[PDB]
>>> print(open('my_file-v8.cif').read())   # mmCIF, C-alpha atoms
data_start
#
loop_
_atom_site.label_atom_id
_atom_site.label_comp_id
_atom_site.auth_asym_id
_atom_site.auth_seq_id
_atom_site.Cartn_x
_atom_site.Cartn_y
_atom_site.Cartn_z
CA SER T 291 -21.37 -71.24 -12.65
CA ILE T 292 -23.58 -68.61 -10.98
CA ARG T 293 -22.87 -68.97 -7.26
CA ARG T 294 -24.08 -66.43 -4.72
CA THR T 295 -22.62 -66.49 -1.24
CA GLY T 296 -21.07 -63.13 -0.39
CA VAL T 297 -18.27 -60.79 -1.46
CA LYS T 298 -15.99 -58.63 0.67
CA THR T 299 -16.94 -55.10 -0.19
CA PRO T 300 -15.99 -51.56 0.87
CA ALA T 301 -18.35 -49.77 3.21
CA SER T 302 -16.84 -46.28 3.31
CA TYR T 303 -15.94 -43.74 0.67
CA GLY T 304 -12.37 -42.88 -0.16
CA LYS T 305 -10.71 -39.63 0.84
CA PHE T 306 -8.98 -37.12 -1.37
CA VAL T 307 -7.91 -34.07 0.61
CA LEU T 308 -6.14 -30.86 -0.32
CA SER T 309 -2.93 -30.39 1.62
CA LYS T 310 -1.79 -27.19 3.32
CA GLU T 311 1.00 -27.40 0.77
CA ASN T 312 -1.48 -28.25 -2.00
CA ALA T 313 -4.13 -25.62 -1.23
CA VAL T 314 -1.84 -22.73 -2.16
CA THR T 315 -1.50 -24.16 -5.69
CA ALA T 316 -5.28 -23.93 -5.94
CA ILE T 317 -4.96 -20.30 -4.88
CA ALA T 318 -1.74 -19.24 -6.62
CA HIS T 319 -2.33 -20.61 -10.11
CA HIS T 320 -5.55 -22.61 -9.75
CA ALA T 321 -4.54 -26.24 -10.00
CA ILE T 322 -4.16 -29.33 -7.84
CA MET T 323 -1.46 -31.91 -8.37
CA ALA T 324 -2.08 -35.14 -6.51
CA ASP T 325 0.74 -35.73 -3.99
CA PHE T 326 2.26 -32.34 -4.77
CA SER T 327 3.71 -32.55 -1.27
CA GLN T 328 5.33 -35.81 -2.45
CA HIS T 329 6.49 -34.87 -5.96
CA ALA T 330 8.47 -32.01 -4.39
CA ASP T 331 10.53 -34.45 -2.33
CA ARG T 332 11.64 -36.22 -5.49
CA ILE T 333 12.75 -32.88 -6.92
CA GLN T 334 15.33 -32.43 -4.16
CA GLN T 335 16.46 -35.97 -4.98
CA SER T 336 16.51 -38.01 -8.19
CA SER T 337 13.58 -36.42 -10.00
CA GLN T 338 11.65 -39.05 -11.91
CA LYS T 339 11.10 -41.71 -9.32
CA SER W 50 -11.16 -23.86 -9.12
CA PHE W 51 -8.68 -26.58 -9.80
CA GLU W 52 -7.16 -28.41 -12.69
CA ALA W 53 -6.84 -31.55 -10.47
CA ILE W 54 -4.03 -33.43 -12.12
CA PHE W 55 -3.76 -36.91 -10.62
CA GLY W 56 -0.95 -39.42 -10.81
CA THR W 57 1.00 -39.75 -14.05
CA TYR W 58 1.14 -43.53 -14.08
CA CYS W 59 4.12 -45.00 -15.90
CA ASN W 60 3.87 -47.81 -18.42
CA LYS W 61 6.37 -50.24 -16.96
CA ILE W 62 6.84 -52.40 -20.04
CA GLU W 63 7.55 -56.13 -19.88
CA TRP W 64 11.10 -57.22 -20.67
CA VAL W 65 11.81 -60.23 -22.87
CA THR W 66 14.97 -61.95 -24.01
CA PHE W 67 15.49 -64.35 -26.89
CA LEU W 68 16.08 -67.45 -24.80
CA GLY W 69 13.25 -66.72 -22.37
CA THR W 70 10.72 -66.98 -25.17
CA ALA W 71 9.71 -70.37 -26.49
CA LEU W 72 11.37 -69.80 -29.88
CA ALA W 73 14.72 -70.69 -28.30
CA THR W 74 14.07 -74.39 -28.90
CA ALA W 75 13.95 -73.67 -32.62
CA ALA W 76 17.37 -71.98 -32.44
CA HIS W 77 20.78 -73.19 -31.51
CA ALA W 78 22.02 -69.81 -30.31
CA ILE W 79 25.81 -69.44 -30.48
CA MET W 80 28.05 -66.49 -29.70
CA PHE W 81 31.03 -66.04 -31.99
CA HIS W 82 32.75 -62.71 -31.73
CA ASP W 83 34.76 -62.80 -34.96
CA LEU W 84 31.53 -63.37 -36.90
CA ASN W 85 31.62 -60.09 -38.83
CA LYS W 86 34.65 -61.40 -40.67
CA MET W 87 32.76 -64.49 -41.85
CA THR W 88 31.10 -64.96 -45.19
CA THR W 89 29.09 -68.19 -45.43
CA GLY W 90 28.92 -70.83 -42.71
CA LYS W 91 28.86 -74.00 -44.78
CA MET W 92 28.15 -77.23 -42.84
CA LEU W 93 29.22 -80.21 -44.96
CA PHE W 94 27.11 -83.35 -44.74
CA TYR W 95 28.64 -86.63 -45.81
CA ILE W 96 25.85 -89.13 -46.43
CA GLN W 97 26.47 -92.82 -46.81
CA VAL W 98 23.78 -94.33 -48.98
CA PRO W 99 21.77 -97.43 -48.26
CA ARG W 100 22.34 -100.10 -50.83
CA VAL W 101 20.26 -102.86 -52.39
CA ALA W 102 20.81 -104.89 -55.54
CA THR W 103 19.07 -108.01 -56.66
CA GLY W 104 17.82 -110.33 -59.33
CA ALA W 105 18.89 -111.44 -62.78
CA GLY W 106 18.63 -108.86 -65.53
CA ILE W 107 17.79 -106.08 -63.07
CA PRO W 108 20.25 -103.17 -63.50
CA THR W 109 22.15 -102.94 -60.23
CA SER W 110 22.59 -99.23 -59.61
CA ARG W 111 26.12 -98.85 -58.24
CA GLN W 112 27.06 -97.55 -54.81
CA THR W 113 26.73 -93.83 -54.28
CA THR W 114 28.68 -91.20 -52.36
CA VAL W 115 26.66 -88.11 -51.44
CA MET W 116 28.15 -84.89 -50.04
CA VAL W 117 25.62 -82.09 -49.64
CA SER W 118 26.49 -78.71 -48.20
CA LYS W 119 24.14 -76.09 -46.77
CA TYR W 120 25.09 -72.46 -46.28
CA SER W 121 24.43 -69.67 -43.82
CA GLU W 122 22.10 -66.77 -44.53
CA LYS W 123 22.83 -63.43 -42.88
CA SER W 124 20.21 -60.99 -41.55
CA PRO W 125 21.64 -58.35 -39.16
CA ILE W 126 19.45 -56.15 -36.97
CA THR W 127 19.88 -52.46 -36.19
CA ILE W 128 17.75 -50.17 -34.04
CA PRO W 129 18.52 -46.52 -33.34
CA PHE W 130 17.82 -44.61 -30.17
CA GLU W 131 17.66 -40.85 -30.18
CA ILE W 132 19.07 -38.93 -27.21
CA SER W 133 18.66 -35.18 -27.55
CA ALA W 134 21.74 -32.97 -27.40
CA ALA W 135 19.96 -30.88 -24.78
CA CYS W 136 19.48 -34.05 -22.73
CA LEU W 137 23.20 -34.79 -22.99
CA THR W 138 24.04 -31.24 -21.93
CA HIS W 139 22.70 -31.49 -18.38
CA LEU W 140 25.44 -33.88 -17.33
CA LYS W 141 27.86 -31.08 -18.28
CA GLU W 142 25.85 -27.86 -17.99
CA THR W 143 24.98 -28.26 -14.29
CA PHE W 144 23.66 -24.93 -13.04
CA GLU W 145 22.55 -23.80 -9.57
CA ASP W 146 21.35 -27.19 -8.49
CA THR W 147 18.57 -26.45 -5.99
CA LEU W 148 15.01 -25.73 -7.17
CA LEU W 149 15.82 -25.93 -10.89
CA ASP W 150 18.54 -28.25 -12.03
CA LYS W 151 18.37 -31.25 -9.68
CA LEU W 152 15.14 -32.07 -11.47
CA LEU W 153 16.57 -31.76 -14.99
CA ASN W 154 19.95 -33.37 -14.39
CA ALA W 155 18.64 -36.45 -12.58
CA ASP W 156 15.82 -36.80 -15.09
CA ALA W 157 18.31 -36.66 -17.97
CA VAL W 158 20.18 -39.46 -16.22
CA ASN W 159 16.88 -41.33 -16.14
CA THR W 160 16.05 -40.46 -19.76
CA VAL W 161 19.37 -41.83 -20.99
CA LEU W 162 19.04 -44.83 -18.67
CA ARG W 163 15.52 -45.27 -20.00
CA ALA W 164 16.41 -45.40 -23.68
CA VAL W 165 19.60 -47.48 -23.38
CA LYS W 166 17.64 -50.03 -21.37
CA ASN W 167 14.74 -49.81 -23.83
CA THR W 168 17.22 -50.40 -26.66
CA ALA W 169 18.41 -53.58 -24.96
CA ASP W 170 14.78 -54.66 -25.14
CA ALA W 171 14.77 -53.84 -28.85
CA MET W 172 17.89 -55.87 -29.59
CA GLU W 173 16.18 -58.83 -27.94
CA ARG W 174 12.78 -58.27 -29.55
CA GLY W 175 14.38 -57.72 -32.93
CA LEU W 176 16.19 -60.99 -32.38
CA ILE W 177 12.78 -62.51 -31.71
CA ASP W 178 11.64 -60.88 -34.96
CA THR W 179 14.29 -61.90 -37.49
CA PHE W 180 14.80 -65.39 -36.16
CA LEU W 181 11.07 -65.81 -36.66
CA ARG W 182 11.30 -64.32 -40.14
CA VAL W 183 14.19 -66.65 -40.93
CA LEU W 184 11.91 -69.49 -39.87
CA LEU W 185 9.29 -67.98 -42.13
CA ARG W 186 11.67 -67.55 -45.06
CA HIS W 187 12.93 -71.12 -44.96
CA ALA W 188 9.68 -72.92 -44.21
CA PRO W 189 7.65 -74.03 -47.20
CA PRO W 190 3.88 -73.93 -46.89
CA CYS W 191 2.46 -77.08 -45.40
CA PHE W 192 0.80 -78.39 -48.55
CA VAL W 193 4.17 -78.33 -50.28
CA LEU W 194 5.78 -80.25 -47.48
CA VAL V 98 5.98 -47.84 -26.29
CA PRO V 99 7.95 -51.07 -26.68
CA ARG V 100 11.01 -50.31 -28.73
CA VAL V 101 11.84 -52.81 -31.49
CA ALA V 102 13.43 -52.63 -34.91
CA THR V 103 14.89 -55.07 -37.28
CA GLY V 104 16.57 -56.23 -40.43
CA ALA V 105 18.45 -54.62 -43.30
CA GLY V 106 16.92 -51.64 -45.08
CA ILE V 107 13.67 -51.96 -43.10
CA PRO V 108 12.59 -48.48 -41.94
CA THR V 109 13.30 -48.43 -38.22
CA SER V 110 10.89 -46.42 -36.07
CA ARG V 111 12.42 -43.92 -33.70
CA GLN V 112 11.26 -44.30 -30.12
CA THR V 113 7.95 -42.65 -29.26
CA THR V 114 7.00 -40.92 -26.00
CA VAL V 115 3.22 -41.14 -25.61
CA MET V 116 1.59 -39.07 -22.89
CA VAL V 117 -2.21 -39.10 -22.70
CA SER V 118 -4.52 -36.99 -20.54
CA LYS V 119 -7.85 -38.37 -19.35
CA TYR V 120 -10.48 -36.09 -17.90
CA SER V 121 -13.51 -36.02 -15.60
CA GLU V 122 -17.06 -35.83 -16.93
CA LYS V 123 -19.25 -34.72 -14.06
CA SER V 124 -22.92 -35.02 -13.06
CA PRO V 125 -25.06 -33.53 -10.29
CA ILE V 126 -27.84 -35.22 -8.31
CA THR V 127 -30.73 -33.43 -6.61
CA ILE V 128 -33.99 -34.48 -4.98
CA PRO V 129 -36.52 -32.01 -3.63
CA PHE V 130 -38.70 -32.91 -0.70
CA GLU V 131 -41.56 -30.74 0.49
CA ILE V 132 -42.71 -30.09 4.05
CA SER V 133 -45.88 -28.06 4.33
CA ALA V 134 -46.18 -25.10 6.66
CA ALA V 135 -48.86 -26.82 8.66
CA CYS V 136 -46.55 -29.80 9.12
CA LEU V 137 -43.75 -27.32 9.68
CA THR V 138 -45.82 -25.47 12.27
CA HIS V 139 -46.90 -28.48 14.37
CA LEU V 140 -43.26 -29.16 15.09
CA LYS V 141 -42.73 -25.83 16.83
CA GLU V 142 -46.37 -25.22 17.69
CA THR V 143 -46.94 -27.35 20.83
CA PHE V 144 -50.56 -26.58 21.62
CA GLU V 145 -52.47 -26.92 24.85
#
>>> encode(input="my_file-v8.cif", output="structure tokens")
Amino acid sequence: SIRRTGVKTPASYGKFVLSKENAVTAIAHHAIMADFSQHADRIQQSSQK
Amino acid sequence: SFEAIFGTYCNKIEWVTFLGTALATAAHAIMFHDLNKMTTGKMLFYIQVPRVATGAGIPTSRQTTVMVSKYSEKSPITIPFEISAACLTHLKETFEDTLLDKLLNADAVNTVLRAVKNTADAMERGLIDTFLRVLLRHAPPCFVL
Amino acid sequence: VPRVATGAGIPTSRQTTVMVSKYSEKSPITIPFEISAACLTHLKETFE
């Protein structure tokens, strides 16, 4: 059952990046919410999507 | 510094119905809407007997008429769901909508739509439960049978 | 949590909202490498 040919595999690291909207939260009250630029758009819509 | 909160992933829970499970072959599932008025569903079975008689001196046991009757056993199911009065208020309370309330109103719509839908799962899963427990409470152990 | 309750008289559990927080345990990595000031010099030295 051990068979070695080759496996598709990632060659680059991922990217997490603080938004211009998100960086102020790190400055104002020292936190980062992931996709805080995207949670806000649900708030001016149906909230919990 | 951050706190770095990442994505609050929801547990989307799998939905089952009574007939979709495999127990449905053990049930003959019938809707009857005036059922609460009933007392004891009582299927009558008329059984003709097989007959054999023979010989000289052998006591011929006479022909037999058998009428057995089995009854129904009730077991109703009941789940509560608990919507807060504050969560019911935001359909009516409905403040300055921007920045504050459009979160809390539309989430209270979701919260009520969450629990009512989750309760429909419970009515099905409880129907999985008690129909199983009826099949437990009428099945003898195998060494008896 | 998957809501279910049952039967007659059986104590029915109210629905539960479970919210768990999972954290980050963090580790640094560091290697030193040494270049001597003769080997440093002969880069920029460029003799006759």
>>> atom_distance(input="my_file-v8.cif", atom1="atom CA of residue 299 of chain T", atom2="atom CA of residue 128 of chain V")
27.2 Å
>>> resolve_selection(input="my_file-v8.cif", expression="the PyMOL selection byres ((chain W) within 8 of (chain T))", output="JSON, numbers by chain")
{"W": [50, 51, 52, 53, 54, 55, 56, 147, 148, 151, 152, 153, 155, 156, 159]}
>>> write_last_selection(input="my_file-v8.cif", atoms="C-alpha atoms", output="mmCIF file, keeping the file's coordinate frame")
data_model
loop_
_atom_site.group_PDB
_atom_site.id
_atom_site.type_symbol
_atom_site.label_atom_id
_atom_site.label_comp_id
_atom_site.auth_asym_id
_atom_site.auth_seq_id
_atom_site.Cartn_x
_atom_site.Cartn_y
_atom_site.Cartn_z
ATOM 1 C CA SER W 50 -11.160 -23.860 -9.120
ATOM 2 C CA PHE W 51 -8.680 -26.580 -9.800
ATOM 3 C CA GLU W 52 -7.160 -28.410 -12.690
ATOM 4 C CA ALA W 53 -6.840 -31.550 -10.470
ATOM 5 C CA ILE W 54 -4.030 -33.430 -12.120
ATOM 6 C CA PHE W 55 -3.760 -36.910 -10.620
ATOM 7 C CA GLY W 56 -0.950 -39.420 -10.810
ATOM 8 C CA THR W 147 18.570 -26.450 -5.990
ATOM 9 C CA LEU W 148 15.010 -25.730 -7.170
ATOM 10 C CA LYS W 151 18.370 -31.250 -9.680
ATOM 11 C CA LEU W 152 15.140 -32.070 -11.470
ATOM 12 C CA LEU W 153 16.570 -31.760 -14.990
ATOM 13 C CA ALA W 155 18.640 -36.450 -12.580
ATOM 14 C CA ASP W 156 15.820 -36.800 -15.090
ATOM 15 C CA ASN W 159 16.880 -41.330 -16.140
#
>>> interface_residues(input="my_file-v8.cif", of="chain W", to="chain V", cutoff="12 Å", atoms="all atoms listed in the file", output="PyMOL selection string")
chain W and resi 52-65+123-132+160+163-183
>>> atom_distance(input="my_file-v8.cif", atom1="atom CA of residue 125 of chain V", atom2="atom CA of residue 306 of chain T")
18.7 Å
>>> atom_distance(input="my_file-v8.cif", atom1="atom CA of residue 127 of chain V", atom2="atom CA of residue 300 of chain T")
24.5 Å
>>> resolve_selection(input="my_file-v8.cif", expression="the PyMOL selection byres ((chain W and resi 88) around 12)", output="ChimeraX atom specification")
/W:83-87,89-91,120-123
>>> resolve_selection(input="my_file-v8.cif", expression="the PyMOL selection byres ((chain W and resi 136-140) around 8)", output="ChimeraX atom specification")
/W:132-135,141-143,153-154,157-158,160-161
>>> residues_around(input="my_file-v8.cif", residues="residue 110 of chain W", least_positions_apart="2", cutoff="12 Å", atoms="only C-alpha atoms", output="ChimeraX atom specification")
/W:98-103,106-108,112-113
>>> axis_aligned_box(input="my_file-v8.cif", around="segment 316-335 of chain T", padding_each_side="4 Å", output="AutoDock Vina command-line options")
--center_x 5.5 --center_y -27.7 --center_z -5.7 --size_x 30.0 --size_y 25.0 --size_z 16.8
>>> decode(input="my_file-v8.cif", residues="segment 59-147 of chain W", atoms="C-alpha atoms", output="PDB file, in the first residue's frame")
ATOM      1  CA  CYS W  59     -20.313  28.154  11.989  1.00  0.00           C
ATOM      2  CA  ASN W  60     -21.278  24.578  12.752  1.00  0.00           C
ATOM      3  CA  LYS W  61     -23.662  23.896   9.901  1.00  0.00           C
ATOM      4  CA  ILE W  62     -25.350  20.834  11.353  1.00  0.00           C
ATOM      5  CA  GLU W  63     -26.631  17.960   9.230  1.00  0.00           C
ATOM      6  CA  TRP W  64     -30.401  17.720   8.798  1.00  0.00           C
ATOM      7  CA  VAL W  65     -32.210  14.396   9.040  1.00  0.00           C
ATOM      8  CA  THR W  66     -35.821  13.350   8.645  1.00  0.00           C
ATOM      9  CA  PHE W  67     -37.535  10.183   9.803  1.00  0.00           C
ATOM     10  CA  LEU W  68     -38.066   8.664   6.374  1.00  0.00           C
ATOM     11  CA  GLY W  69     -34.582   9.548   5.123  1.00  0.00           C
ATOM     12  CA  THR W  70     -33.021   7.339   7.765  1.00  0.00           C
ATOM     13  CA  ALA W  71     -33.038   3.590   7.333  1.00  0.00           C
ATOM     14  CA  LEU W  72     -35.456   3.036  10.246  1.00  0.00           C
ATOM     15  CA  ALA W  73     -38.332   3.966   7.931  1.00  0.00           C
ATOM     16  CA  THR W  74     -38.543   0.377   6.679  1.00  0.00           C
ATOM     17  CA  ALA W  75     -39.338  -0.713  10.219  1.00  0.00           C
ATOM     18  CA  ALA W  76     -42.219   1.792  10.377  1.00  0.00           C
ATOM     19  CA  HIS W  77     -45.391   2.178   8.452  1.00  0.00           C
ATOM     20  CA  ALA W  78     -45.625   5.936   8.933  1.00  0.00           C
ATOM     21  CA  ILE W  79     -49.179   7.275   8.675  1.00  0.00           C
ATOM     22  CA  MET W  80     -50.556  10.769   9.147  1.00  0.00           C
ATOM     23  CA  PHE W  81     -53.925  10.996  10.851  1.00  0.00           C
ATOM     24  CA  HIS W  82     -54.889  14.433  12.040  1.00  0.00           C
ATOM     25  CA  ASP W  83     -57.707  13.487  14.424  1.00  0.00           C
ATOM     26  CA  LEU W  84     -55.294  11.203  16.289  1.00  0.00           C
ATOM     27  CA  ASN W  85     -55.340  13.135  19.569  1.00  0.00           C
ATOM     28  CA  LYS W  86     -58.949  12.083  19.999  1.00  0.00           C
ATOM     29  CA  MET W  87     -58.039   8.397  19.740  1.00  0.00           C
ATOM     30  CA  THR W  88     -57.489   6.019  22.604  1.00  0.00           C
ATOM     31  CA  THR W  89     -56.226   2.592  21.495  1.00  0.00           C
ATOM     32  CA  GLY W  90     -55.777   1.531  17.874  1.00  0.00           C
ATOM     33  CA  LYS W  91     -56.861  -2.094  18.049  1.00  0.00           C
ATOM     34  CA  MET W  92     -56.221  -4.167  14.887  1.00  0.00           C
ATOM     35  CA  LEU W  93     -58.347  -7.319  15.023  1.00  0.00           C
ATOM     36  CA  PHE W  94     -56.850 -10.491  13.583  1.00  0.00           C
ATOM     37  CA  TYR W  95     -59.174 -13.301  12.597  1.00  0.00           C
ATOM     38  CA  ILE W  96     -57.159 -16.499  12.312  1.00  0.00           C
ATOM     39  CA  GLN W  97     -58.505 -19.607  10.673  1.00  0.00           C
ATOM     40  CA  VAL W  98     -56.842 -22.641  12.179  1.00  0.00           C
ATOM     41  CA  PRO W  99     -55.287 -25.527  10.315  1.00  0.00           C
ATOM     42  CA  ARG W 100     -57.022 -28.771  11.069  1.00  0.00           C
ATOM     43  CA  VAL W 101     -55.986 -32.408  11.329  1.00  0.00           C
ATOM     44  CA  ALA W 102     -57.742 -35.372  12.900  1.00  0.00           C
ATOM     45  CA  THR W 103     -56.962 -39.016  12.551  1.00  0.00           C
ATOM     46  CA  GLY W 104     -56.933 -42.540  13.845  1.00  0.00           C
ATOM     47  CA  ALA W 105     -59.101 -44.704  16.051  1.00  0.00           C
ATOM     48  CA  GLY W 106     -59.169 -43.832  19.732  1.00  0.00           C
ATOM     49  CA  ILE W 107     -57.196 -40.621  19.168  1.00  0.00           C
ATOM     50  CA  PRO W 108     -59.122 -37.645  20.609  1.00  0.00           C
ATOM     51  CA  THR W 109     -59.964 -35.428  17.653  1.00  0.00           C
ATOM     52  CA  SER W 110     -59.555 -31.890  18.928  1.00  0.00           C
ATOM     53  CA  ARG W 111     -62.429 -29.923  17.402  1.00  0.00           C
ATOM     54  CA  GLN W 112     -62.131 -27.019  14.991  1.00  0.00           C
ATOM     55  CA  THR W 113     -61.015 -23.733  16.474  1.00  0.00           C
ATOM     56  CA  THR W 114     -61.847 -20.083  15.857  1.00  0.00           C
ATOM     57  CA  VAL W 115     -59.144 -17.643  16.950  1.00  0.00           C
ATOM     58  CA  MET W 116     -59.582 -13.863  17.149  1.00  0.00           C
ATOM     59  CA  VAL W 117     -56.588 -12.054  18.608  1.00  0.00           C
ATOM     60  CA  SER W 118     -56.410  -8.299  18.955  1.00  0.00           C
ATOM     61  CA  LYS W 119     -53.329  -6.124  19.428  1.00  0.00           C
ATOM     62  CA  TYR W 120     -53.446  -2.561  20.694  1.00  0.00           C
ATOM     63  CA  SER W 121     -51.642   0.704  20.111  1.00  0.00           C
ATOM     64  CA  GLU W 122     -49.125   2.165  22.545  1.00  0.00           C
ATOM     65  CA  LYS W 123     -48.763   5.941  22.706  1.00  0.00           C
ATOM     66  CA  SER W 124     -45.491   7.837  23.210  1.00  0.00           C
ATOM     67  CA  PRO W 125     -45.701  11.547  22.290  1.00  0.00           C
ATOM     68  CA  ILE W 126     -42.637  13.757  21.878  1.00  0.00           C
ATOM     69  CA  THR W 127     -42.165  17.348  23.002  1.00  0.00           C
ATOM     70  CA  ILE W 128     -39.155  19.630  22.670  1.00  0.00           C
ATOM     71  CA  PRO W 129     -39.041  23.258  23.788  1.00  0.00           C
ATOM     72  CA  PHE W 130     -37.158  26.083  22.170  1.00  0.00           C
ATOM     73  CA  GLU W 131     -36.336  29.214  24.099  1.00  0.00           C
ATOM     74  CA  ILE W 132     -36.501  32.577  22.313  1.00  0.00           C
ATOM     75  CA  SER W 133     -35.546  35.475  24.552  1.00  0.00           C
ATOM     76  CA  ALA W 134     -38.015  38.305  25.056  1.00  0.00           C
ATOM     77  CA  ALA W 135     -35.239  40.731  24.162  1.00  0.00           C
ATOM     78  CA  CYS W 136     -34.777  38.826  20.901  1.00  0.00           C
ATOM     79  CA  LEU W 137     -38.487  39.164  20.166  1.00  0.00           C
ATOM     80  CA  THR W 138     -38.355  42.884  20.922  1.00  0.00           C
ATOM     81  CA  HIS W 139     -36.144  43.874  17.997  1.00  0.00           C
ATOM     82  CA  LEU W 140     -38.859  43.124  15.471  1.00  0.00           C
ATOM     83  CA  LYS W 141     -40.921  45.770  17.308  1.00  0.00           C
ATOM     84  CA  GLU W 142     -38.369  48.038  18.999  1.00  0.00           C
ATOM     85  CA  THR W 143     -36.589  49.097  15.789  1.00  0.00           C
ATOM     86  CA  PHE W 144     -34.395  52.094  16.609  1.00  0.00           C
ATOM     87  CA  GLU W 145     -32.186  54.276  14.408  1.00  0.00           C
ATOM     88  CA  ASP W 146     -31.356  51.543  11.967  1.00  0.00           C
ATOM     89  CA  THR W 147     -27.899  52.480  10.650  1.00  0.00           C
TER      90      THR W 147
END
